[PDB]
Structure formats: structure tokens, C-alpha cells
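Here is how the chains run, residue by residue.
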Amino acid sequence: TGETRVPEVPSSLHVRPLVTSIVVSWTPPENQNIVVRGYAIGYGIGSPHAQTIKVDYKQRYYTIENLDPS
Amino acid sequence: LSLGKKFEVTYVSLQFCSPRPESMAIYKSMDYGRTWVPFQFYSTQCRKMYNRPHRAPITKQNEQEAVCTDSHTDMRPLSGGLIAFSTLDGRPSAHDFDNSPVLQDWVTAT
């Protein structure tokens, strides 16, 4: 539909930390004029630059597995 | 960079187009730019360049001190090189941050 501009900032983001995993939940941006192909989860200790997981636009929640305890 | 307010900094990152520097340093300001206190050093020769010990382990006695390492200084990658400084990395009492005012002051920068 709309690829003339870069996608807008997502509306919400919610994390849930566990022993070795983190349950991530989100909601797409308010603007629908600009088409969105998917979501890119960026995690890591101290900085989010460590690892990147790319998912489809239909996905609304994702549990980041294999993490350090504390 | 001026934030104009006290922020509890978790990280300071830089993504490079050119190769990463042989010597780089991160500085912070408690006041709004008057005096500067070092945050982290990056060099091949920490001794000769920044007068700090090379690959120094984080001391419990002074966690409010900037540390120097040769990590993230490599010329490769010549493009897309990243340097991300974790403010609470290696700090022994970082686990009990909520009760540690020493590290609470360390993360603070304007």
C-alpha cells in the first residue's frame, strides 16, 4: 500500500522476565497508511545490539529463549 | 551531547562507517557541562594513551572509576564496527543496584 515513507514508531511494548527467557508483547503503530512487513526484536545484556530476531507482521508476542540467569 | 537532565545511563553505543578508532574515550558530566569525569576508555595502549591499566578488572573498592580495555578496538570490520559501553558491566555490586548508591551515582550523567 504505502512504501513512500519509513514505518511509524510502534504503540506499545511489554516484557516479562523469567529464569532463562523473556516474554515480549507488542502492538502495531497507530498509522495504517504506511504498510508494515514485520517486527524486529533486538535484545542483549546492557545494550540491545547483541542479537536480532525478525518476525512477520501478524505476530504480536514472542518469548526470547536461551538467556543468562540474573 | 547535552541531555539537559540527570539520566541513569545503561549504555553508550557507536556504529561506525569508517574503521573503529585505535583510541576512543567516553566522558560524562554531573553538572550541566562544567566539569568532566571519564566513563570508559578504549585503546591498544591504555598505559601510553589514557594513563590507565590495560584489561583492568573491576574493583569493588572503586566501581565509580572508568576502566580501559583493548576490546572493540580491532580495525576489522573496516565498516559497520560497533562499540557499546555497558555502564554496569563487570561492577561487583551491580546485582544489588537498588541498594547501591555508589553505582546509582555512576550511571548518572547530564
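In the PDB archive, cryo-EM is given as the structure determination method for this entry, at a resolution of 5.98 Å.

As annotated in the PDB entry, chain B carries the name Netrin-1 and is attributed to Homo sapiens. The deposited PDB record carries the title "Cryo-EM structure of the ternary complex between Netrin-1, Neogenin and Repulsive Guidance Molecule B".

As annotated in the PDB entry, chain A carries the name Neogenin and comes from Mus musculus.

**Q** Summarise the overall build of chain B; cite the residues concerned and give the values.
**A** When helices and strands are tallied, chain B shows two helices and seven strands. When the helices and strands of chain B are listed from N to C terminus, the series reads β-β-β-β-α-β-β-α-β. Over its C-alpha atoms chain B spans a radius of gyration of 14 Å, differing by no more than 12% from the 13 Å that the globule rule assigns to 110 residues. The C-alpha extent of chain B, read off along each of the three principal axes, is 40 × 30 × 25 Å. When burial is assessed residue by residue, chain B has 35% of its 110 residues classed as buried. Entry remark: accessible area of chain B is about 7000 Å², with carbon and sulfur atoms responsible for 52%.

**Q** Can you break down the sheet that holds strand β5 (residues 61–64) of chain A residue by residue, with the values?
**A** All names here are of chain A. Spatial ordering of the open sheet is given by β1-β2-β5, a layout of three strands whose pairing is antiparallel. In the strand order of this sheet, the two ends are held by β1 (12–17) and β5, each with one partner. Pairs of neighbouring strands in the sheet enclose a mean axial angle of 20°, with direction left out of account. Looking at chain direction, β1 and strand β2 (residues 22–27) are connected through six bridges and run antiparallel. Note that in β2 the partner of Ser 12 across the bridge is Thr 27.

Here is what the cut-offs are and how they apply
Along each chain, residues carry numbers from 1 upward in sequence order, and these need not match the entry's numbering; residues missing coordinates do not appear. Throughout, the order in which chains and ligands are written sets their labels, letters from A for the former and numbers from 1 for the latter. Here we see only some chains of a larger assembly; the values are for those chains and no others. By convention in this description, side-chain values take in all heavy atoms of the structure and omit both hydrogens and water. Helix and strand definitions here come from DSSP, where helices need a minimum of 4 consecutive H or I residues and strands a minimum of 2 consecutive E residues; each element is numbered from the N-terminal end. The reference for a compact globule is 2.2 Å times residues^0.38; the radius of gyration itself is calculated from the C-alpha atoms. Throughout this description, buried means an accessible area under 20% of the type-specific maximum (1.4 Å probe, protein chains only), exposed means over 50%, and partly exposed covers the range between. A 1.4 Å probe and the Shrake-Rupley method give the accessible areas. Residues count as covered only by the protein chains that appear here. The rule for pairing is simple: two strands pair if DSSP sees at least two bridges between them. Structural elements are reduced to axes, namely lines fitted to C-alpha atoms, with helices fitted over the stretch in contact, and the angle between N-to-C directions of any two is expressed from 0 to 180 degrees.

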